[PDB]
Amino acid sequence: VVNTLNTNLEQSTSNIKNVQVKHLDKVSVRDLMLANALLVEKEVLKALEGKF
Amino acid sequence: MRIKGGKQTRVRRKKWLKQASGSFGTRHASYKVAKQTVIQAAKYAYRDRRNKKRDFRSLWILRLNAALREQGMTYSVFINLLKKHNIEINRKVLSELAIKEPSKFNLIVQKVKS
Amino acid sequence: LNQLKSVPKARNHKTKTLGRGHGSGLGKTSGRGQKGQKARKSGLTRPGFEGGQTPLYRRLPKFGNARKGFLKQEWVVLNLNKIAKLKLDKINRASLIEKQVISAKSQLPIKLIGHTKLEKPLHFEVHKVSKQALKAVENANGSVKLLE
Amino acid sequence: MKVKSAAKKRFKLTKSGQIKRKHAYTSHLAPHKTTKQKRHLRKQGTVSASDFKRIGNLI
RNA sequence: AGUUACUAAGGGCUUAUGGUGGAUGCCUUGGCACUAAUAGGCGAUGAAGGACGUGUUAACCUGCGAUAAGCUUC
RNA sequence: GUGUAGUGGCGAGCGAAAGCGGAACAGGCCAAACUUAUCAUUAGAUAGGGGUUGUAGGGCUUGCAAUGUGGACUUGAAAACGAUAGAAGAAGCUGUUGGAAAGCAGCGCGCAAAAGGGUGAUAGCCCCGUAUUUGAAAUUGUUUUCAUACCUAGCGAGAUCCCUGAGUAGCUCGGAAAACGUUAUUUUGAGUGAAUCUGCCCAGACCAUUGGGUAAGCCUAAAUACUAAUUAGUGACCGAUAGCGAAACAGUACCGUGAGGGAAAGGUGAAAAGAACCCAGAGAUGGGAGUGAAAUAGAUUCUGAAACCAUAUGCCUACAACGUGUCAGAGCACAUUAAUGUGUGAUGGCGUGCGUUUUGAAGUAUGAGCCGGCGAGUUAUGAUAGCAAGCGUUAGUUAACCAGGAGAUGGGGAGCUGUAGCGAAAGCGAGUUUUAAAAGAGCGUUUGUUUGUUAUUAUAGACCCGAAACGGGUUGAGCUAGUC
RNA sequence: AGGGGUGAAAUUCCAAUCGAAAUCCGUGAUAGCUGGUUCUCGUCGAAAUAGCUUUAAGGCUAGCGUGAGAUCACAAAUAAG
RNA sequence: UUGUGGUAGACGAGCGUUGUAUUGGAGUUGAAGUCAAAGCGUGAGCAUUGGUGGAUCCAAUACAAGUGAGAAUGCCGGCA
RNA sequence: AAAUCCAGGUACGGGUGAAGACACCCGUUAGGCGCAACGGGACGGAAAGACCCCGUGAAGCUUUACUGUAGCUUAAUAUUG
């Protein structure tokens, strides 16, 4: 879960089916609970606070 | 998506065919005739599961009355002696088996005369 | 949860499939009986069609319209009952476009209405009022200006 | 689905679920009746529960 | 009177085998529906569509057209 | 907006125009006063300029202010994006099973490519290819830039001097689009027939008043509907009685003179290694042998179920009146989804098929030869009711559309439901209508909304199969009849 | 050449069928009437009555089922007086 | 305690089929199918093994249906 | 080679019953299986019936049945004094 979509994650992680990357405004509940493991950048942790 | 009914039809038809065996002519090949035969046989067995006990009770009465007449006492008198006094809980079938073991039903006979 | 045990709180009803079951489940042709128009295809007679007798809507007179081609010169009403429970004062159009009570892209005349004593001082601006509303707003020392 | 105009003209709805109507024989050729009939048929009227169910799904 | 060796011309039941008949299951050189674009006509310099013909390779299909399963340029 | 205003044997049924939210958003050009040339300028005709309209404007005569800006627009060049062939493009061994390893186990490695496909069984590294980087002689499409063009320009002062679209509109009788079944509006088959803008009509008859735009000439991209075709891809679509009728040498064979109708028929194997050769028979052929992991892999070519036809193990029947079985039951044969065993059933007890429609069916009521396959209650929109959830006490809520994996979701309050009703309406309002009467009576005396599913239902062929027919277009005189 | 032809004229023929040809389309034409409508166990369980009807094989409402809710002794049945 | 005859119907409770989304598992040590077998079931169904087969299926949870054949004087193919 | 065919191993009398029974009840009689003739039945085979009656069905024809219209006729009007 990245907020800037840097090329470090865009270029790579496109080959492994098990894991992938997604922006905050594109994720879904089904996708969220299909993971069983997640990593979130702290930068969005304030924004998600505001919108509930 | 078009859905076939392959296995289920075959399995149910084979099971219903297997449910009956020992029929005459082409009553065991066709599914339809087999189902008809199973239905008729099941209804007949349903009525038999009561008619057999009725007929067996009648046969037991007959075979008790045979020995009773041989001894010289009527069946009705014997049951009256069992019921009126000398209270005994003895099934009408059990007394028949006592006839195949001599001196037992004869003992009952010599007892009821008191 | 996870996508292997998701089940709601017992919300899965039963359907009426009218194509299977000669003597089991539902009937062989349910809700249709036998030997009838309701059972034949393209049936389902018209709701107003009673068949033989004159229809009910044709046996009674009609109510006309004294305003041909009009419903009414509609104006928005404002009841004194519910507004008091709403935390507002100095009521105008702009006040009523705040809490999503009146339209914000069109204008219609406003008429104050109702009868209920007020406990907070308010002032109203509408085109039409009522005598009971007048005394109710005068009790709480309220004021209303007749606006064209 | 399409509410019949023949039904929309002669039946006006009412709060809590009801309809209003005018009786028959009122505004037509009826000099052969008593004044009691004339002033009784003047008032508005309502339909039976069965007819209410019949009309409700149609409106 | 009767129990009763031998009986089956033939047939009946169960089981197993062989043939007939291609249901079922697998996949498929293909079908349909749309998405994204392009493109939305050809034609008197002879169209589309056809007939006829062209082989070391008959016959069929295909391509081609008295230069006939094709020729020339880049 | 809304299933609203209404329209209609005021039945069926039909159904807007406003406004708003949006997709995109450019307006220009002739004729008509005057004016220039040539038409013996009696020309009325051909051309020249100007003028293109109502916050009325143009024409006549004088004044400045500027070469402004736009194109829907003529031709050259440039730039970039591409398109029609492409190229380059990483990474593995050992062992077991097995005919075959690519599987399975041990240790590896690359990955912007663990999208796909084939390779002797189920390959990230065996191969093609996939990401990515990149390539064009010629034919071309697109936008941008410059110049070549074409056309294109603001504000005034006098003054009712002239001009602003003719069989033109209305009018009368009959016809058509408008939601209206012909009414304002528009059109026209037949007659009738003005105004010079100061005037003309419009606001569902009509006049007056009020306001609006100027009718009887022309052109115009933009959002929009479609897909035979090209290119790529996708599909909780078919997998060979299905799906295009045609997975194929199908619009073929065939049917009928024609128009037209019209099928069915794919699978050897890893690779033909397709059976050398021997035997029996004039021969197909079969049996051996041979190849192959396997001839139930043999060219009738994946598997071959059931009806069907025979064979065999065991048992039973030739004094027998039977919807053919059911429960006991003798002998015999055996020994088993290990079970108080099965198969056969000489005898006794009992005896009327299956769906259908019918008051009532074993029927002298019908439907079925059997087996196998296919083969009938859905969907779109709206309604009502039940079940369950979100949401909240001035609520709930999105439609289209924009943003994106031909994804939810965000943006989107337009509108709708309920928040006060009564009355036909004016109108009034916790009251309203009838009312002489606030009497009496009727209706009010606030008490929710979008959803998922289920049941019925309104329109669409609307559970399934089945007519004699109607209308529109085509093809038949070769048979026969008539005529030449 | 078909809401047509021909007819010494019988409703005769018009490609074996002619009281109006065949063929394609509207056309999944309509069908109150035929027939058929397939998984399975559980709970309850009716009618063939009245009225109306260009209605008599049909269609509605009521009576007569079923499911959910309400009615607490005033309610409805079973007894006697 | 009342009970548990029953069409059309009303209502409730469930199996099974194909595919999809996680979730594991099985599979050349022989899966699907198929036949046979003297099993498990309150029901559609579910199993275990043996011969044939040489490539994919099974389980626990929901989802979506061209979803479940005895008749239709039916249709196809084959055979009395 | 065929129509048909719920399968069937398919006797009779009396009575019976959806009203005339190969099967129902009661008695009777009859070895199993072919052959060749004969039609008694199995309301046999052949066609959802053309001595009907319902369909608020079709088709064709008829007249003082309705509404029309082709065509015929008369008038006004335009071409047109």
# chains A, B, ... in the order shown; residues from 1 in each chain; ligands from 1
call {"tool": "closest_atom_pairs", "arguments": {"of": "segment 25-71 of chain E", "to": "segment 40-63 of chain H", "cutoff": "12 Å", "atoms": "only C-alpha atoms (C1' of nucleotides)", "output": "Markdown table"}}
result
| residue | atom | partner | partner_atom | distance |
| --- | --- | --- | --- | --- |
| E:25 | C1' | H:53 | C1' | 10.6 |
| E:26 | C1' | H:55 | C1' | 7.7 |
| E:27 | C1' | H:55 | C1' | 10.1 |
call {"tool": "write_last_selection", "arguments": {"atoms": "C-alpha atoms (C1' of nucleotides)", "output": "PDB file, in the first residue's frame"}}
result
ATOM      1  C1'   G E  25     -16.125 -38.647 -20.274  1.00  0.00           C
ATOM      2  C1'   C E  26     -11.384 -36.040 -22.602  1.00  0.00           C
ATOM      3  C1'   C E  27      -9.652 -32.674 -25.621  1.00  0.00           C
TER       4        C E  27
END
call {"tool": "residues_around", "arguments": {"residues": "segment 55-71 of chain B", "least_positions_apart": "2", "cutoff": "12 Å", "atoms": "only C-alpha atoms (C1' of nucleotides)", "output": "NGL selection string"}}
result
(:B and (48-53 or 73-79 or 91-100 or 102 or 105-106 or 108-110)) or (:F and (327-328 or 348-350))
call {"tool": "select_by_dssp", "arguments": {"residues": "chain D", "states": "strand (DSSP E)", "output": "list in words"}}
result
residues 12, 13, 14, 18, 19, 20, 21, 22, 44 and 45 of chain D
call {"tool": "atom_distance", "arguments": {"atom1": "atom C1' of residue 440 of chain F", "atom2": "atom CA of residue 16 of chain D"}}
result
24.3 Å
call {"tool": "residues_around", "arguments": {"residues": "segment 69-71 of chain C", "least_positions_apart": "5", "cutoff": "12 Å", "atoms": "only C-alpha atoms (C1' of nucleotides)", "output": "MDAnalysis selection string"}}
result
(chainID C and resid 64) or (chainID F and resid 4:6 204 424:425)
call {"tool": "select_by_dssp", "arguments": {"residues": "chain B", "states": "alpha helix (DSSP H)", "output": "PDB file with C-alpha atoms, in the first residue's frame"}}
result
ATOM      1  CA  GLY B   6     -25.264 -37.594 -17.408  1.00  0.00           C
ATOM      2  CA  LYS B   7     -24.155 -39.346 -14.226  1.00  0.00           C
ATOM      3  CA  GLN B   8     -27.194 -38.709 -12.024  1.00  0.00           C
ATOM      4  CA  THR B   9     -29.696 -40.251 -14.453  1.00  0.00           C
ATOM      5  CA  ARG B  10     -27.544 -43.330 -15.050  1.00  0.00           C
ATOM      6  CA  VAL B  11     -26.848 -43.870 -11.345  1.00  0.00           C
ATOM      7  CA  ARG B  12     -30.493 -43.529 -10.311  1.00  0.00           C
ATOM      8  CA  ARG B  13     -31.655 -45.774 -13.166  1.00  0.00           C
ATOM      9  CA  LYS B  14     -29.083 -48.451 -12.319  1.00  0.00           C
ATOM     10  CA  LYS B  15     -30.010 -48.284  -8.627  1.00  0.00           C
ATOM     11  CA  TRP B  16     -33.708 -48.697  -9.412  1.00  0.00           C
ATOM     12  CA  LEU B  17     -32.905 -51.585 -11.766  1.00  0.00           C
ATOM     13  CA  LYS B  18     -30.778 -53.232  -9.070  1.00  0.00           C
ATOM     14  CA  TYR B  31     -36.165 -48.842 -16.238  1.00  0.00           C
ATOM     15  CA  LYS B  32     -39.882 -48.115 -16.573  1.00  0.00           C
ATOM     16  CA  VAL B  33     -41.042 -51.726 -16.257  1.00  0.00           C
ATOM     17  CA  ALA B  34     -38.570 -52.245 -13.410  1.00  0.00           C
ATOM     18  CA  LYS B  35     -40.024 -49.257 -11.548  1.00  0.00           C
ATOM     19  CA  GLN B  36     -43.546 -50.595 -12.109  1.00  0.00           C
ATOM     20  CA  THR B  37     -42.554 -54.015 -10.761  1.00  0.00           C
ATOM     21  CA  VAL B  38     -40.836 -52.477  -7.730  1.00  0.00           C
ATOM     22  CA  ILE B  39     -43.918 -50.373  -6.951  1.00  0.00           C
ATOM     23  CA  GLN B  40     -46.258 -53.362  -7.190  1.00  0.00           C
ATOM     24  CA  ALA B  41     -43.952 -55.617  -5.161  1.00  0.00           C
ATOM     25  CA  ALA B  42     -43.514 -52.970  -2.465  1.00  0.00           C
ATOM     26  CA  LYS B  43     -47.271 -52.465  -2.113  1.00  0.00           C
ATOM     27  CA  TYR B  44     -47.807 -56.228  -1.967  1.00  0.00           C
ATOM     28  CA  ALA B  45     -45.098 -56.551   0.694  1.00  0.00           C
ATOM     29  CA  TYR B  46     -46.694 -53.698   2.649  1.00  0.00           C
ATOM     30  CA  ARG B  47     -49.971 -55.606   2.791  1.00  0.00           C
ATOM     31  CA  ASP B  48     -48.103 -58.862   3.455  1.00  0.00           C
ATOM     32  CA  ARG B  49     -46.304 -57.459   6.507  1.00  0.00           C
ATOM     33  CA  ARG B  50     -49.723 -57.697   8.189  1.00  0.00           C
ATOM     34  CA  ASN B  51     -51.422 -60.540   6.315  1.00  0.00           C
ATOM     35  CA  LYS B  52     -48.540 -62.895   7.192  1.00  0.00           C
ATOM     36  CA  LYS B  53     -49.004 -62.318  10.924  1.00  0.00           C
ATOM     37  CA  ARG B  54     -52.770 -62.728  10.530  1.00  0.00           C
ATOM     38  CA  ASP B  55     -52.313 -66.044   8.702  1.00  0.00           C
ATOM     39  CA  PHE B  56     -49.674 -67.234  11.181  1.00  0.00           C
ATOM     40  CA  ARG B  57     -52.026 -66.492  14.077  1.00  0.00           C
ATOM     41  CA  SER B  58     -54.760 -68.450  12.293  1.00  0.00           C
ATOM     42  CA  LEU B  59     -52.358 -71.356  11.701  1.00  0.00           C
ATOM     43  CA  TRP B  60     -51.344 -71.371  15.368  1.00  0.00           C
ATOM     44  CA  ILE B  61     -55.012 -71.497  16.372  1.00  0.00           C
ATOM     45  CA  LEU B  62     -55.558 -74.389  13.955  1.00  0.00           C
ATOM     46  CA  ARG B  63     -52.592 -76.402  15.222  1.00  0.00           C
ATOM     47  CA  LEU B  64     -53.506 -75.842  18.876  1.00  0.00           C
ATOM     48  CA  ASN B  65     -57.102 -76.870  18.156  1.00  0.00           C
ATOM     49  CA  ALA B  66     -55.884 -80.042  16.427  1.00  0.00           C
ATOM     50  CA  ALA B  67     -54.169 -81.317  19.576  1.00  0.00           C
ATOM     51  CA  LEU B  68     -57.042 -80.014  21.711  1.00  0.00           C
ATOM     52  CA  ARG B  69     -59.553 -82.061  19.705  1.00  0.00           C
ATOM     53  CA  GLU B  70     -57.204 -85.042  19.934  1.00  0.00           C
ATOM     54  CA  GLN B  71     -57.274 -84.708  23.732  1.00  0.00           C
ATOM     55  CA  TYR B  75     -60.490 -74.769  21.874  1.00  0.00           C
ATOM     56  CA  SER B  76     -63.042 -72.336  23.313  1.00  0.00           C
ATOM     57  CA  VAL B  77     -63.259 -74.334  26.549  1.00  0.00           C
ATOM     58  CA  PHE B  78     -59.462 -74.352  26.841  1.00  0.00           C
ATOM     59  CA  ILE B  79     -59.214 -70.583  26.419  1.00  0.00           C
ATOM     60  CA  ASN B  80     -62.074 -70.106  28.898  1.00  0.00           C
ATOM     61  CA  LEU B  81     -60.178 -72.226  31.429  1.00  0.00           C
ATOM     62  CA  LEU B  82     -57.077 -70.111  30.790  1.00  0.00           C
ATOM     63  CA  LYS B  83     -59.026 -66.850  31.177  1.00  0.00           C
ATOM     64  CA  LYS B  84     -61.870 -67.426  33.652  1.00  0.00           C
ATOM     65  CA  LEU B  94     -45.898 -70.581  22.566  1.00  0.00           C
ATOM     66  CA  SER B  95     -48.329 -73.408  23.321  1.00  0.00           C
ATOM     67  CA  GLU B  96     -47.670 -74.802  19.834  1.00  0.00           C
ATOM     68  CA  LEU B  97     -43.952 -75.182  20.541  1.00  0.00           C
ATOM     69  CA  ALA B  98     -44.906 -76.999  23.745  1.00  0.00           C
ATOM     70  CA  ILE B  99     -46.607 -79.642  21.564  1.00  0.00           C
ATOM     71  CA  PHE B 105     -48.549 -79.251  26.904  1.00  0.00           C
ATOM     72  CA  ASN B 106     -49.837 -82.476  28.454  1.00  0.00           C
ATOM     73  CA  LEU B 107     -48.802 -81.046  31.828  1.00  0.00           C
ATOM     74  CA  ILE B 108     -50.717 -77.851  31.043  1.00  0.00           C
ATOM     75  CA  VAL B 109     -53.722 -80.027  30.129  1.00  0.00           C
ATOM     76  CA  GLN B 110     -53.526 -82.004  33.372  1.00  0.00           C
ATOM     77  CA  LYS B 111     -53.191 -78.716  35.260  1.00  0.00           C
ATOM     78  CA  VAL B 112     -56.106 -76.770  33.755  1.00  0.00           C
TER      79      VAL B 112
END
call {"tool": "residues_around", "arguments": {"residues": "segment 22-32 of chain A", "least_positions_apart": "3", "cutoff": "12 Å", "atoms": "only C-alpha atoms (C1' of nucleotides)", "output": "PyMOL selection string"}}
result
(chain A and resi 1-6+9-10+13-14+19+35-41+43-45+47-48) or (chain C and resi 1-3+6) or (chain F and resi 403-405+407-410) or (chain H and resi 21-22)
call {"tool": "interface_residues", "arguments": {"of": "chain E", "to": "chain B", "cutoff": "9 Å", "atoms": "only C-alpha atoms (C1' of nucleotides)", "output": "ChimeraX atom specification"}}
result
/E:12-14,24
call {"tool": "write_last_selection", "arguments": {"atoms": "N, CA and C atoms (P, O5', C5', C4', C3', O3' and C1' of nucleotides)", "output": "PDB file, in the first residue's frame"}}
result
ATOM      1  P     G E  12     -35.866 -67.711 -22.191  1.00  0.00           P
ATOM      2  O5'   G E  12     -36.250 -67.729 -20.645  1.00  0.00           O
ATOM      3  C5'   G E  12     -37.551 -67.363 -20.212  1.00  0.00           C
ATOM      4  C4'   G E  12     -37.698 -67.547 -18.725  1.00  0.00           C
ATOM      5  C3'   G E  12     -36.530 -67.054 -17.890  1.00  0.00           C
ATOM      6  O3'   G E  12     -36.579 -65.658 -17.659  1.00  0.00           O
ATOM      7  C1'   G E  12     -37.131 -69.227 -17.188  1.00  0.00           C
ATOM      8  P     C E  13     -35.236 -64.782 -17.728  1.00  0.00           P
ATOM      9  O5'   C E  13     -34.664 -64.862 -16.247  1.00  0.00           O
ATOM     10  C5'   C E  13     -35.506 -64.613 -15.132  1.00  0.00           C
ATOM     11  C4'   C E  13     -34.855 -65.047 -13.846  1.00  0.00           C
ATOM     12  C3'   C E  13     -33.391 -64.672 -13.693  1.00  0.00           C
ATOM     13  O3'   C E  13     -33.206 -63.334 -13.266  1.00  0.00           O
ATOM     14  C1'   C E  13     -33.675 -66.946 -13.136  1.00  0.00           C
ATOM     15  P     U E  14     -32.064 -62.427 -13.938  1.00  0.00           P
ATOM     16  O5'   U E  14     -30.757 -62.781 -13.103  1.00  0.00           O
ATOM     17  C5'   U E  14     -30.728 -62.621 -11.694  1.00  0.00           C
ATOM     18  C4'   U E  14     -29.544 -63.324 -11.085  1.00  0.00           C
ATOM     19  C3'   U E  14     -28.200 -63.030 -11.730  1.00  0.00           C
ATOM     20  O3'   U E  14     -27.624 -61.822 -11.262  1.00  0.00           O
ATOM     21  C1'   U E  14     -28.442 -65.365 -11.436  1.00  0.00           C
ATOM     22  P     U E  24     -24.151 -38.101 -24.615  1.00  0.00           P
ATOM     23  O5'   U E  24     -23.262 -38.550 -23.372  1.00  0.00           O
ATOM     24  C5'   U E  24     -23.839 -38.722 -22.085  1.00  0.00           C
ATOM     25  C4'   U E  24     -22.906 -39.456 -21.153  1.00  0.00           C
ATOM     26  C3'   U E  24     -21.560 -38.794 -20.901  1.00  0.00           C
ATOM     27  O3'   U E  24     -21.630 -37.774 -19.921  1.00  0.00           O
ATOM     28  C1'   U E  24     -21.243 -41.095 -21.362  1.00  0.00           C
TER      29        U E  24
END
call {"tool": "closest_atom_pairs", "arguments": {"of": "chain D", "to": "chain C", "cutoff": "6 Å", "atoms": "only C-alpha atoms", "output": "CSV"}}
result
residue,atom,partner,partner_atom,distance
D:7,CA,C:57,CA,6.0
D:10,CA,C:62,CA,4.5
D:24,CA,C:60,CA,5.7
call {"tool": "residues_around", "arguments": {"residues": "residue 63 of chain G", "least_positions_apart": "5", "cutoff": "12 Å", "atoms": "only C-alpha atoms (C1' of nucleotides)", "output": "MDAnalysis selection string"}}
result
chainID G and resid 46:47 49:51
call {"tool": "closest_atom_pairs", "arguments": {"of": "chain B", "to": "chain H", "cutoff": "8 Å", "atoms": "only C-alpha atoms (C1' of nucleotides)", "output": "CSV"}}
result
residue,atom,partner,partner_atom,distance
B:1,CA,H:66,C1',6.0
B:2,CA,H:66,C1',4.3
B:3,CA,H:18,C1',5.5
B:4,CA,H:17,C1',7.5
B:5,CA,H:17,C1',6.5
B:8,CA,H:17,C1',7.7
B:32,CA,H:70,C1',6.8
call {"tool": "write_last_selection", "arguments": {"atoms": "N, CA, C and O atoms", "output": "PDB file, in the first residue's frame"}}
result
ATOM      1  N   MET B   1     -24.537 -21.374 -18.992  1.00  0.00           N
ATOM      2  CA  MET B   1     -23.838 -22.614 -19.312  1.00  0.00           C
ATOM      3  C   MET B   1     -24.813 -23.779 -19.443  1.00  0.00           C
ATOM      4  O   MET B   1     -25.608 -24.034 -18.538  1.00  0.00           O
ATOM      5  N   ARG B   2     -24.757 -24.475 -20.576  1.00  0.00           N
ATOM      6  CA  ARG B   2     -25.588 -25.655 -20.762  1.00  0.00           C
ATOM      7  C   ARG B   2     -25.136 -26.759 -19.814  1.00  0.00           C
ATOM      8  O   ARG B   2     -23.946 -27.074 -19.731  1.00  0.00           O
ATOM      9  N   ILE B   3     -26.090 -27.348 -19.099  1.00  0.00           N
ATOM     10  CA  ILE B   3     -25.808 -28.320 -18.051  1.00  0.00           C
ATOM     11  C   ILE B   3     -26.438 -29.643 -18.455  1.00  0.00           C
ATOM     12  O   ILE B   3     -27.646 -29.711 -18.719  1.00  0.00           O
ATOM     13  N   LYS B   4     -25.624 -30.697 -18.501  1.00  0.00           N
ATOM     14  CA  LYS B   4     -26.117 -32.033 -18.806  1.00  0.00           C
ATOM     15  C   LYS B   4     -26.494 -32.774 -17.530  1.00  0.00           C
ATOM     16  O   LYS B   4     -26.183 -32.319 -16.423  1.00  0.00           O
ATOM     17  N   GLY B   5     -27.168 -33.911 -17.673  1.00  0.00           N
ATOM     18  CA  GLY B   5     -27.565 -34.718 -16.536  1.00  0.00           C
ATOM     19  C   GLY B   5     -27.049 -36.138 -16.631  1.00  0.00           C
ATOM     20  O   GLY B   5     -27.763 -37.089 -16.299  1.00  0.00           O
ATOM     21  N   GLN B   8     -26.106 -38.544 -12.985  1.00  0.00           N
ATOM     22  CA  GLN B   8     -27.194 -38.709 -12.024  1.00  0.00           C
ATOM     23  C   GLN B   8     -28.285 -39.625 -12.565  1.00  0.00           C
ATOM     24  O   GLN B   8     -28.766 -40.518 -11.856  1.00  0.00           O
ATOM     25  N   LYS B  32     -38.476 -48.383 -16.850  1.00  0.00           N
ATOM     26  CA  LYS B  32     -39.882 -48.115 -16.573  1.00  0.00           C
ATOM     27  C   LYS B  32     -40.588 -49.355 -16.032  1.00  0.00           C
ATOM     28  O   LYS B  32     -41.290 -49.296 -15.012  1.00  0.00           O
TER      29      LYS B  32
END
call {"tool": "interface_residues", "arguments": {"of": "chain A", "to": "chain F", "cutoff": "7 Å", "atoms": "only C-alpha atoms (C1' of nucleotides)", "output": "PyMOL selection string"}}
result
chain A and resi 11-12+15-16+28
call {"tool": "write_last_selection", "arguments": {"atoms": "C-alpha atoms", "output": "CSV table (one decimal), in the first residue's frame"}}
result
chain,number,residue,atom,x,y,z
A,11,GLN,CA,8.8,-1.9,-12.4
A,12,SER,CA,9.3,-4.9,-10.1
A,15,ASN,CA,6.1,-11.0,-12.1
A,16,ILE,CA,5.0,-12.7,-8.9
A,28,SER,CA,-11.3,-3.2,-2.5
call {"tool": "residues_around", "arguments": {"residues": "residue 54 of chain E", "least_positions_apart": "6", "cutoff": "9 Å", "atoms": "only C-alpha atoms (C1' of nucleotides)", "output": "ChimeraX atom specification"}}
result
/E:64-65,68-69
